[PDB]
């Protein structure tokens, strides 16, 4: 209920992400973060391969302050990657907690990234570039810390989103697979 894109009351559009290699220090990071600013900690999650993952939510000013305090003690270095999206896309909020496998769905891209921050930053950039739909997403858990997601829509939009992800990911991208029209035994449920 705290992952809702729309609150019933204060509005929290900003999304702060912290990916750490130490679970212990990862908790230390969370303390200092919520100390300097009243952000809303979305999750404190020990994940696959032993990494720790922090997600926070709040106003732009609140999140920004918590992230600065987080970085300073993160090297006092166990900080793997960071992400701050002042205005996260609405389709992205429901793909933060549990690994979502799509039920039923044309064209699709499959983005394979090295870190969790790379995935969330890539899906977001693509969701606000072309009218595409985020179908699946898995973050670190069960897949050795790696991350992947899928984006569906018209062919041209899928291609457009492919170049967007390819740019802001950089060396964090492992492979991007673009299929114009998958088989009927793939259309709908890509993972089973």
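Residue numbers count along the first chain shown, from 1.
- request: Would you mind checking whether any residues of the deposited sequence sit unmodelled between residue 105 and residue 106, and how many (none, 1 to 3, 4 to 9, 10 or more)?
  value: 4 to 9 residues lack coordinates between residue 105 and residue 106.
- prompt: Comparing 16 to 24 with 177 to 185, which has the greater mean CA B-factor as deposited?
  reply: The recorded data point to 177 to 185.
query: Would the CA B-factor of residue 127 place it in the lowest, middle or highest third of its chain?
result: Answer is lowest: the recorded C-alpha B-factor places it there.
message: Can you tell me whether residue 58 has a C-alpha B-factor in the lowest, middle or highest third compared with the other modelled residues of the same chain?
response: Its C-alpha B-factor belongs to the highest third of this chain's values.
query: Within this chain, which third does the Cα B-factor at residue 35 fall in: lowest, middle or highest?
result: Highest third of the chain for residue 35's C-alpha B-factor.
task: Compare the C-alpha B factor of residue 66 with those of the other modelled residues in its chain, then answer lowest, middle or highest third.
output: Tercile = highest for this residue's CA B-factor.
- request: Check where residue 143 lands among this chain's C-alpha B-factors and tell me if it's the lowest, middle or highest third.
  value: Its C-alpha B-factor belongs to the lowest third of this chain's values.
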